[PDB]
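**Student:** Output the structure for:
(one chain, ligands or ions: 1)
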Amino acid sequence: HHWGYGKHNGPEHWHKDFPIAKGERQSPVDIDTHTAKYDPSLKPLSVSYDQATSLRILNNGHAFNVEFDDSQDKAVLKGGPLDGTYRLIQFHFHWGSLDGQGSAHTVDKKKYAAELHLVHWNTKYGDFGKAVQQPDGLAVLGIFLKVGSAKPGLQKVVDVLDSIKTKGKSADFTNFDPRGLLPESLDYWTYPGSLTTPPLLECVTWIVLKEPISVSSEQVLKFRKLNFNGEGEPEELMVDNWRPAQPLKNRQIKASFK
Ligand SMILES: [Zn+2]
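**Tutor:** Numbering: from 1, shown residues only. Shown next is the structure:
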């Protein structure tokens, strides 16, 4: 029927509604660290989030999105493998039912507890909906989360979850600073790919940071308390909302470091 993460509508089924699921530049992938090519021509990333304006947090039935005002160049990504400026539109996570799984990307087959996606769209295309139709329309920064110490900067997000527990719910979420979610180092791997959830459009330049951030066990526990279902529908915990690794096919993963 309609896509999700269960046994009957899970990733294995998406191709029937989204044929691009078996495309040539699908994501996520396993990052083989000994095959990735160091490319010294890649520039350091440039993250400009000082003027970021968060607006709202929404449970869309597959994850929770924090949305930003993208009507101007307030929170932008540039540099790295990118040509042009990409504006931040939303961030969201992928996580597991257990600490040993949850990330979309894997590193030498290692799965992390979660993966943060900061989604950016290429301003040359004028709006997000036009950008998804272009091979270089989106830039997604991916950050792995491992369970260890708490991440102070994530607590504001953890605390509002109770208020968007079910699908369709939203809450005002102003003045959140996404800079509190970055690791210390901006070293990354990059490859051409796609969105990891339907519509799976192949319009993404992935920028995967090498350094994971730490979250506490309690923090991740609160994610697992969200629901996939809408209010007054049988309870389905929002867990394991990650697509498994796809074939690399004819692609090369470049590294910004050695
Ligand atoms: Zn994602």
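**Student:** What is the burial count for residue 189?
**Tutor:** Counted with other C-beta atoms under 10 Å, the neighbours of residue 189 add up to 23. Every C-beta, even on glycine, is put in place using the N, C-alpha and C of the backbone.
**Student:** go on, residue 95?
**Tutor:** The number of residues packed around residue 95, counting by other C-beta under 10 Å, is 26.
**Student:** Please tell me I have it right and it contacts residue 112.
**Tutor:** No: with contact defined as C-beta atoms under 8 Å, residue 95 does not reach residue 112; the gap is 9.4 Å.
**Student:** Could you pull out the residues contacting both of those two?
**Tutor:** With contacts defined as C-beta atoms under 8 Å, 6 or more residues apart in numbering, the residues adjacent to both residue 95 and residue 112 are 102, 145.
**Student:** Which residue ranges of the stretch 151-258 of the chain form strands?
**Tutor:** Assignment of strands within the stretch 151-258 of the chain using DSSP state E, counting those that start in this stretch yields the ranges 170-172, 188-193, 204-209, 213-215, 254-255.
**Student:** could you redo the ones you listed as TSV and give each row distance to residue 34?
**Tutor:** As requested, those are exported to TSV (distance: least, C-beta to C-beta, whole Å):
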stretch	distance to residue 34
strand 170-172	44
strand 188-193	12
strand 204-209	16
strand 213-215	24
strand 254-255	11
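**Student:** Give me whichever of these is most buried.
**Tutor:** Most buried of those by mean neighbour count (mean count of other C-beta atoms under 10 Å) is strand 204-209; its value is a mean of 24.
**Student:** how near is the most centrally placed residue in the chain to residue 238?
**Tutor:** Nearest to the geometric centre of the chain sits residue 117, at 2.0 Å (C-alpha atoms, centre = their mean). When C-beta to C-beta, to the nearest Å is applied, the distance between residue 117 and residue 238 equals 15 Å.
**Student:** circling back: relative to residue 27, which of the strands of the stretch 151-258 of the chain is closest?
**Tutor:** strand 188-193 (3.5 Å; C-beta to C-beta).
**Student:** Can I get the closest one as PDB, trimmed to CA atoms?
**Tutor:** Listed in PDB are the C-alpha atoms of strand 188-193, where the atom choice follows Å, rounded to 0.1, in the frame of the first residue of the first chain:
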ATOM      1  CA  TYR A 188      34.200  14.200   5.000                       C
ATOM      2  CA  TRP A 189      33.500  11.600   2.300                       C
ATOM      3  CA  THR A 190      31.500  12.600  -0.700                       C
ATOM      4  CA  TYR A 191      29.600  10.800  -3.600                       C
ATOM      5  CA  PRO A 192      26.700  11.400  -6.000                       C
ATOM      6  CA  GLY A 193      23.500   9.700  -4.700                       C
END
